[PDB]
Amino acid sequence: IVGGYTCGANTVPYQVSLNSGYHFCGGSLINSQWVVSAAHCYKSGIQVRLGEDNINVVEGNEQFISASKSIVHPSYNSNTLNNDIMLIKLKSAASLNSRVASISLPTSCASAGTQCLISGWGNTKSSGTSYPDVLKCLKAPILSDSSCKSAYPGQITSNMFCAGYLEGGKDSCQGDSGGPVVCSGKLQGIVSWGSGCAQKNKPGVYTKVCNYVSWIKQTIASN
Ligand SMILES: NC(=[NH2+])c1ccc2[nH]c(-c3cccc(-c4ccccc4)c3[O-])cc2c1
Ligand SMILES: [Ca+2]
Ligand SMILES: [Cl-]
């Protein structure tokens with residue numbers, strides 16, 4: 001997260017770190033046995049780490065659970081990143097409490113202007129790599145479809161939305177992919193891609209979760 005602030009330990013209880021010996025992506029806990037992340041974060045050997053703040057220190061509240069299966073959306077396109085969503089089923093359910101909680105899926109899509117919270121352990125520099133130990137947060141608004149399409153002509157599908165600041169300075173970045181974009185208590189997006197990080201007129205692009213709720217529900221109900 002570039003231009004954000006330190007969240008404060010366990011203030012984002014639905015945030016998870018996907019780990020394979022190092023942190024490579026974020027994700028969101030939506031119930032006690034399922035996590036939603038981005039399809040491009042898929043790999044084998046995933047350990048899901050819940051209740052984290054400093055990802056390099058066991059401070060207490062952590063729960064490390066292996067993924068039993070990861071379900072990449074069947075129409076995921078790795079060239080356009082269209083349908084960049086994945087569901088991960090945990091080997092055992094997690095113990096929910098005030099430090100580990102799930103986030104609700106939305107019933108409707110959000111409108112431009114909506115203020116959301118984006119978080120993660122990704123790079124905090126736009127020009128260079130500085131990875132934090134604790135979780136960073138950024139409050140950012142959803143942009144209108146026209147500004148998004150004018151920024152990325154021909155690359156935005158109906159399953160994506162832009163959020164951020166066109167003046168540059170604040171954005172999600174590498175290491176944040178797969179994580180949450182929460183607006184009014186509902187998970188509206190998943191960190192997907194962007195051109196550089198925090199560059200002028202190149203906002204972050206997110207997977208539009210409201211378009212996949214029936215798919216998430218039906219898939220979880222059958223697995
Ligand atoms: N400007 C943004 N808003 C933004 C958001 C998420 C991002 N993720 C990345 C990213 C960069 C290199 C590798 C990965 C990656 C690749 C495979 C698996 C996991 C992460 C990224 O997600 C860049 C990147 C940029
Ligand atoms: Ca820790
Ligand atoms: Cl277009």
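When reading the values below, keep in mind they use all heavy atoms of this one structure, side chains included, and skip hydrogens, waters and symmetry mates. For the single chain, residues carry numbers from 1 onward in sequence order.
Side-chain atoms of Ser177 and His40 form a donor-acceptor pair, as typed in the model, at a separation below 3.5 Å. Using modelled atom types and a 3.5 Å distance limit, the side chains of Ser192 and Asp84 yield a donor-acceptor pair. With no hydrogens or angles considered, no side-chain donor-acceptor pair links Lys208 and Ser158 at under 3.5 Å. Donor-acceptor pairing under 3.5 Å is lacking for the side chains of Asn82 and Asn77. Residues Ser144 and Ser147 have side chains that bring a donor and an acceptor to within less than 3.5 angstrom of each other.
Proximity of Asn123 to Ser130: side-chain heavy atoms (C-beta onward) are separated by under 4.5 Å at one or more points. Residues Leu87 and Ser70 are not in side-chain contact: their nearest non-hydrogen atoms beyond the backbone lie 4.5 Å or more apart. In this structure, the side chains of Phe64 and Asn19 stay at 4.5 Å or more apart for every pair of heavy atoms. When side chains are defined from C-beta on, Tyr76 does not count as touching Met86, because their heavy atoms never get closer than 4.5 Å. For the pair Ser28 and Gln15, the minimum side-chain heavy-atom distance is 4.5 Å or more. No side-chain heavy atom of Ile1 sits less than 4.5 Å from a side-chain heavy atom of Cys137. At least one side-chain heavy atom of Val35 sits under 4.5 Å from a side-chain heavy atom of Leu90. At a threshold of 4.5 Å between non-hydrogen side-chain atoms, the residues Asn61 and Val100 do not count as touching.
Within a 6.0 Å radius of NZ in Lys91, no more than 12 heavy atoms belonging to other residues, nucleotides or ligands are found.
Aromatic rings from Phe24 and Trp121 are positioned such that their centres are separated by 6.0 Å or more.
Rounding to the nearest 0.5 Å gives a distance of 11.5 Å between CG of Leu117 and OG of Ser184. Going from atom OG1 of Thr219 over to atom CD1 of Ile85 covers 9.0 Å, rounded to the nearest 0.5 Å. To the nearest 0.5 Å, the span separating CG on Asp171 from CD on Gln199 amounts to 8.5 Å. In this structure, the separation between CG on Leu81 and OG1 on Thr157 is 9.5 Å, given to the nearest 0.5 Å.
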Worksheet item: Does the side chain to side chain contact (heavy atoms under 4.5 Å, CB included) test come out yes or no for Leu18 and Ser37, once each step is laid out?
Response: CA-CA 9 Å; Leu18 297 188; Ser37 181; 3.5 Å; yes
Item to complete: Could you please spell out the steps behind the side chain to side chain contact (heavy atoms under 4.5 Å, CB included) verdict for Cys116 and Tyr206?
Response: CA-CA 12 Å; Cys116 308; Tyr206 303 89; over 6 Å; no
Worksheet entry | Criterion side chain to side chain contact (heavy atoms under 4.5 Å, CB included) on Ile88 and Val48, from CA distance to verdict | CA-CA 9 Å; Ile88 300 176; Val48 177; 4.2 Å; yes
Item to complete: Mind running side chain to side chain contact (heavy atoms under 4.5 Å, CB included) on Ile220 and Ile30 for me, showing each step along the way?
Response: CA-CA 11 Å; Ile220 289 181; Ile30 54 167; 3.9 Å; yes
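Between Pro106 and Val209 the shortest heavy-atom distance is CD-CG1, 4.0 Å. When every heavy atom of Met160 is checked against every heavy atom of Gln155, the shortest pair comes out as SD-O, 3.6 Å. The shortest non-hydrogen separation linking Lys136 to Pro132 is CE-CB, 3.8 Å. Listed here is the closest heavy atom pair of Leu187 and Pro180: CD1-CB, 3.5 Å. Closest approach of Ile156 to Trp193, counting heavy atoms only: CD1-CZ2, 4.0 Å. Taking all atoms of both residues into account, the shortest heavy-atom contact from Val205 to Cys162 is CG2-SG, 4.3 Å.
With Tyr165 as the aromatic partner, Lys170 meets the cation-pi criteria of under 6.0 angstrom to the ring centre and within 45 degrees of the ring axis.
Note: the hydrophobic cluster containing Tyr152 does not contain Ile142 (ILVMFWY, side chain heavy atoms under 4.5 Å, direct or indirect links). No path of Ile, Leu, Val, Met, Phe, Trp and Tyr side chains, each step under 4.5 Å between heavy atoms, connects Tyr5 with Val134, placing them in separate hydrophobic clusters.
Among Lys69, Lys89, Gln33, the single residue meeting the side-chain hydrogen bond (donor to acceptor under 3.5 Å, both in side chains) criterion with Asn223 is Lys69. Here the options are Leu96, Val36, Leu50, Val182, the test is side chain to side chain contact (heavy atoms under 4.5 Å, CB included), and the partner is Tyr14; only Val182 passes.
Note: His73 and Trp215 have tilted aromatic rings, judged against thresholds of 30 and 60 degrees for the angle between ring planes.
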